[PDB]
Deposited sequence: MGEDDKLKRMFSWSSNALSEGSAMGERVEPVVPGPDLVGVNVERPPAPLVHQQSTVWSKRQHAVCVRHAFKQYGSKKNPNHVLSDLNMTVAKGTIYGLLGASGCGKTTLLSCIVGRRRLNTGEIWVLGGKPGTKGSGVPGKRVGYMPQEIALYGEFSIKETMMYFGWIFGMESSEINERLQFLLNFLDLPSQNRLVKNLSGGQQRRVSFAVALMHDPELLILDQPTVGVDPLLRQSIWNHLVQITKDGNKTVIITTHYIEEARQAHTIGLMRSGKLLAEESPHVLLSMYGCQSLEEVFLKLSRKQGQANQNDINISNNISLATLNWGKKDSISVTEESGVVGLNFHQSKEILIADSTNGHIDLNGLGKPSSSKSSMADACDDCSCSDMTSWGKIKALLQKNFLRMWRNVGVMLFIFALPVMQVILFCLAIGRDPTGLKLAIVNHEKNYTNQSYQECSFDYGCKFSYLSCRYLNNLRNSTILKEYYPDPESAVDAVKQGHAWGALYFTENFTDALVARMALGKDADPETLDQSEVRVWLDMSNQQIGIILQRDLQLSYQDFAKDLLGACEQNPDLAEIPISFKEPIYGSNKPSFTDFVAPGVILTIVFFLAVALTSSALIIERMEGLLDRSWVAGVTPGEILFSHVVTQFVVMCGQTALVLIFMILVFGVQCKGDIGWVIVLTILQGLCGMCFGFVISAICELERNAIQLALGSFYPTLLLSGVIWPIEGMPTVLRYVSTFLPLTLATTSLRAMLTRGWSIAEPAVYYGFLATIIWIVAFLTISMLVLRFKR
């Protein structure tokens, strides 16, 4: 007995509308007989064959196949001893015949020098073109004959052919039916071929017949006649599914080269845009001591030395000569009317009696009457509608006043240290005295460019299996569903490391970013975050089913992981509850650890550093068990 089923009960639909496809289904396939499962279009015929190879659970029946229940250690449904053929052509369209016969070649442990020893024989038996032609340009009949040879070469001992002769001319159909009757001559193989052409089914030995949810009769075709009628009929698996993932990238070279040009482009833009201070902003200076001529011109022939003359046009040219452009107006009421409509960013005003009011405010002290302490002031109106240019504009006018004040003392009377606020900031312990925005955000972006590029790579990898077919007919071949996932991790970790190192080269070597700490541990962490990123793209593909429903889910996680992590604002700005929640995240703790390597210089031994590795290894495992659990569930 090859297959034997007792008391089979299956049905789809809700309890309010039962279907009742199968009712009893008591049959027995004697070993060595070409069992033929004929029937009527509409009954449960494929749903029985699909219940034999363990594709659908039988819902409280008894099924015994080649030793035991399907999918159990005592039977042989998944393995090299069971042939198969689906109703629809489940073949990958981008493979040549010589490649699709090797993908299934060494899944069943066939030697590479033995597959092609019979590939030519199979191509000669059933007519087929040259073996280098991809199976997408093949006709509709030469695509069925390939599927009949893919799952016949390994010489199984139980064939589950369903509709194998649909779409070929009668000569080829006779040739196909003249083969199942030759290999079965000895008691070694069984066939369960089912077809809808009953005339050709006379060659079988144990023709079955289904009428209503149960087998009607199972007798020889010439015994069926004269009783019911009168006349006529009334390492292998890993290596196999790893040269298919690698071959996929090579098939469309040109877009695979694009993914290697993304990190270099995304890093060049960041270094060339963010951080550099503005250098092309203007001002409206209306100094009322020099006669107003032209628009971009005014005399500045002040006195150079201990003689204090024309102090107004000495504070000018004492500020930055490159980040501020000077423009002159004759009327204070007109300068404010120039910044108002957007022709400048500010407007100064030096009163007519400025030098006298300032030379009498330093020599005289603590006796400054309000009249004297009202004309020595440099009135400035700022267009503070940008909150980032006005901040450096008002940080430059008064910082440049320090040089103006120190120049007075250091040239005439005393040591250039009186004009200093008593608070002295010494030398910073870790950083520099001139912080830059491009250095606070750089360590948090390198860990983010890598994370998102890895997510986009492995975002549809687990979802294209249904796209190309070849999946549900490879489950029968014994492919463990934890074995496809492993081959995706290996086949993409090679290409992820190729662009992770591209970010580091173009951000540390070409563009200067300090690396006071150890360089070995930075690389380990920056690929521990990429691998965590690509494992996050598997919990999306497994959960999602529709292709369009998974693009906008990973893409919808761009901003929330760019704000919740500390990238552009310190993590201490959030309230006391969001800050606590935003610590158990994949990226919020790696930026803090990497910031303590590039700038401070701490090694791994420091407690604040190894938390990044500890809190990113956990997420790798967490994103893997969930992805595996969903895959194993269905």
{"property": "Sequence order list of spans that the model leaves without C-alpha positions, deposited numbering", "result": "1 to 61, 296 to 390, 791"}
